[PDB]
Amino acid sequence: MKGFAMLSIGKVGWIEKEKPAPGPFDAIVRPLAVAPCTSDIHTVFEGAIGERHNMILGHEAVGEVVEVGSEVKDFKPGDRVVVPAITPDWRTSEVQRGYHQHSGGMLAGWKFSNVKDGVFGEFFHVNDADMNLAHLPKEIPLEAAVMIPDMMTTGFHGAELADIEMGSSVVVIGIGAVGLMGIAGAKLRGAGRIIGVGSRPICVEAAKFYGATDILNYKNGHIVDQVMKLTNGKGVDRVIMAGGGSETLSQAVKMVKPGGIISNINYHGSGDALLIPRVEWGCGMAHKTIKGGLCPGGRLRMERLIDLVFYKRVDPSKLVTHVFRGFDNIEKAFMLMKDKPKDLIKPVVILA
């Protein structure tokens, strides 16, 4: 089979690999719709998580079950499923500890396009079908469904980690796909004011649609100053770091109230360190908590988000600004995330 792979740092291309076969608990799946992630740009062009050789890319897919192992009980060939970007080995210590994202080591629940051939191939392999796949309700369009495995789970996790109080104020820094789902998640956790930070007009409109009550641009002056101005010097209860550089951490510390929470869902891809401003962190005593977490995955996570879409709590289709037909256009969609045109949020490639 063919797949679109990372050949080595800085290099991508189509390659040929043998079609994968399932273990007793696994599934072979055919992608029906897929999408490229900013994370893969980081890993390919920034070397953000080490070198790789001929690793098929991509980890956002809706698919058709093509075969299952003899122990798989809940899925069968022909079943349409949503595939989480995160597909943990479930029988590990980290799972017993409550962190499947890290089953087998740091970030190891994220297999596709990390330590496993991704979804940009004619077939891909899913470990532990029964624990890691969710059935796709026919009422959910492919384009929207494909926003669930990564964009929705990541953005909503930003809002979960934030431990938002009802009616409290939230700043979401960065309004790309993850940030927009951060705003939406924040809204679904009962935030009052939601201040989005960004400027691409299509992101700004998306942001308002998902619940931002205010939009700040980096031109009306420093973001921190603007937030202080909007809040009369009082700052905000929560900050979700969804994009930008690592100087965003400092901005977040400077913007939040003492006792607030800063939630990072941003995949930082470069730099040796992230910096915490000493003084505004109360010299370590301001109770400004800093969290940062890989999105949840697995079947339960998908079914929960599926329910959120099915019952129309959120509509992730607005994230999808580009849709292409055809296997080969995986590459086109991939290059789209690299040069990132100004009208782009998320591309989806339809394969059926």
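In this text, residue numbers run from 1 along the sequence as written.
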query	finding
Mean temperature factor over C-alpha atoms, higher-scoring stretch between 131-139 and 215-223	215-223
Greater mean Cα temperature factor according to the PDB record, 226-234 or 254-262	226-234
Member of 179, 185, 245, 118 with the greatest C-alpha B factor (per the PDB record)	245
Top residue by Cα temperature factor, when 108, 151, 273, 172 are compared in the entry	273
Modelled-residue ranking by C-alpha temperature factor, third containing residue 89	middle
Lowest, middle or highest third - CA B-factor, residue 201	highest
Assigned third (lowest, middle, highest) for the C-alpha B factor of residue 78	highest
Chain-wide C-alpha B factor ranking for residue 267, given as lowest, middle or highest third	highest
CA B-factor placement of residue 281, once the chain's modelled residues are sorted into thirds	lowest
